[PDB]
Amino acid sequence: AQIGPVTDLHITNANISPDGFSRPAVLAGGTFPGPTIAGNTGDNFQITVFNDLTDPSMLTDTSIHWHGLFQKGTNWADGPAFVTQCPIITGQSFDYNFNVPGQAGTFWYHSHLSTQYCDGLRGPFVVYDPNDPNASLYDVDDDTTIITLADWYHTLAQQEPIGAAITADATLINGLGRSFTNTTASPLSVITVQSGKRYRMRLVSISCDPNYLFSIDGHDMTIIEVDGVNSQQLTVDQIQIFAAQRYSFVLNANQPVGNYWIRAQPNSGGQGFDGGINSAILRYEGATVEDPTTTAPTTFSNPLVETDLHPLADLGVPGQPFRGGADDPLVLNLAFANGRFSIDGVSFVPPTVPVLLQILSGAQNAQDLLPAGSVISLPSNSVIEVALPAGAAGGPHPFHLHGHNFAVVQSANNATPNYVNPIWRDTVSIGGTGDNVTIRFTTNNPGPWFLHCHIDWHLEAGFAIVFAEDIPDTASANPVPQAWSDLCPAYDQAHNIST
């Protein structure tokens, strides 16, 4: 069952074996992935998170981010540790009480403390639209049509060297899959469809690192949503999905009744499908209960290309139709050396006092904010452009901005900008050497918003900055509850920190 929009959520440690190998984990709702949190557009969500963690090897503190939800007027509920809150300590709970006006689509939730989400705290978050403009394109849209793609590690995250190229041990599709080494024939996930019906498949990358080449043998996929943003229909036979991205696609169950492989090939770790790695099963009602015998093509003739996507609504692009044509045009210098990433020459290391609390206590320019050089102020009611030129090691880097979605004016692997009708989204691959992926948005949401690579190992190694949007209005726009004000005193007392 789905839970929400008002629900408790317990965070616990438990052993799990999603690929046949047992290890301890950090779980929401006792499962991997966690339960789907759901509601309708405009609803009040009140997710009371109970931190019941006791195993220090995966951290006993926690904090949860609601990925892609704008949090307008509720910056304190966004979740990134040391940006918008101190962590919740064990044996305590915290009500994330916010609203989702003007958003409907496919999201997710995850730990936003250190690399803790890798250890298991990740699940889907769906905001349905009772008047969805795409409703007539499918028959079925429910918990059975959500498809999660996850990387899974045998080594615990806090034992991964910082700045290292860290590689997974299994791909999990809906929580199940087979290990790349010592492969055992452990259970594969089954997605069941009825011949003749059309399904809204909600494809969610809950990855900590790899991107996946996703396809379904014999089937094609009609994209209708990108990171929460409704799209024009685009039919493809393969989707390359980067960490934290989401797509909805229509699956027409129009092939002969049978079993078909679902494939998710990561860019690192095990290559291919030997032993049923990187695989799940699409089963038609009435098919024999057996593994598929289908083949992938050698090459995919209609892969997703990001410039082919366009919004369903007339969203346009803010600003003027040329590079630098914005009120506040930025170019970030994105680099890596010696195990650490930097942005504009500064490697991100989380501050002792969360950025939001520094601002509520009176610090009101970005040079007064800690970490020094890691906070850039943005002016209010202004068009912002951010160029993100690639080349830093460990690519392709999927950059994500909190508090906002953005027009993708220039995409990976294509030097031509689009100032007319690009897709809007919240997480974007910045591509390869020489690319100049560029995003635009308007600043109508006061508060400190994290900008970072969503490969969690890279974030841990410093690949982040904070946009302090409209510092002067942050306090009036974001009144804080007493329970939020209590978090830093409790955390600092528990950890013997003076501040």
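Note that the rigid core is defined as the largest set of C-alphas that superpose within 1.5 Å between two forms. Note that residue numbering begins at 1 and tracks the sequence as displayed.
For the pair 111-119 and 158-166, rigid core superposition yields a higher RMS C-alpha distance in 9 other deposited structures of this protein in 158-166. For the pair 182-190 and 86-94, the mean Cα B-factor is higher in 182-190. Stretches 192-200 and 384-392 differ in mean C-alpha B factor, with the higher average recorded for 192-200. By the numbers in the PDB entry, the CA B factor is greatest at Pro161 among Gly105, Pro321, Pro161, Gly120. Highest C-alpha temperature factor among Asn51, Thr54, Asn436, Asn444, as the PDB entry reports it: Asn444. Annotation for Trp424: C-alpha temperature factor in the lowest third relative to the rest of the modelled chain, per the entry. In the PDB entry, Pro292 places in the middle third of its chain by CA B-factor. Sort the modelled residues of the chain by CA B factor and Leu172 lands in the lowest third. Per the deposited record, the Cα B-factor of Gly30 falls in the highest third when ranked against the other modelled residues of its chain. Among all modelled residues in its chain, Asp217 ranks in the middle third by Cα B-factor.
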